[PDB]
């Protein structure tokens, strides 16, 4: 089937006015688009949602996450992949909504409509993701910590004045504590001081063609036995610094030896 006409998120940017954004918990589920009569996956597959699961839903199109609870991704994914419209396991799933993709008004009014839709439907299977205002970035990062320590995935931000767009949107942003990506180890940088005779850092070249140093994230065993040159490794970072270098980059682990 054709992929559904959905809005996609960009990455958090430091220089926003956080007071203009609604903040919600980023849920680790399976995205579904409700077109008014069926649920559709990001790839265009029609989910075999049982009749009793969707029976109460309004015909307003809705965007949401099929989700059970924090840290139950494989469970919800396993159910949603099952081709069986009489599968009782859907009873533990909630369609957690976060937008109205056919709406032509601002996100603030869309939230108000969603609250009404959820309340009127009054079904265990349809619920609204909480949307809150946060006063400043320090408070936002404190909230991020609360959510992550509680085994949540992160936060999402959506500008109160945003109009729905069927593409990546700068008005919709993901905020996680960090990002991971891959790079190839190309050289060693011998250490000094406590790391004399050991690994000080590696030089890697990432998939965007940027070469940079990684000196943190190594165990003491890894400073004695470094990743092989040529290996594909995963590094962790958040945002970019000058010259498109991943910021606060640290070593995670080896993926492939070349």
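Residue numbers count along the first chain shown, from 1.
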item: Per the entry, higher mean C-alpha B factor between 203-211 and 59-67; value: 203-211
item: Between the two ranges 142-150 and 175-183, the one averaging a larger CA B factor in the entry; value: 175-183
item: Peak C-alpha temperature factor (PDB record), options 225, 35, 41, 216; value: 225
item: C-alpha B-factor winner, where the candidates are 82, 103, 131, 165; value: 165
item: Where the record places residue 161 (Cα B-factor, split into thirds across the chain); value: middle
item: Residue 72, C-alpha B-factor rank within chain (lowest, middle or highest third); value: middle
item: Cα B factor band for residue 94 (lowest, middle or highest third within the chain); value: lowest
item: B-factor third for the C-alpha atom of residue 234 within its chain; value: middle
item: Within-chain third of residue 26 by Cα B-factor, per the entry; value: lowest
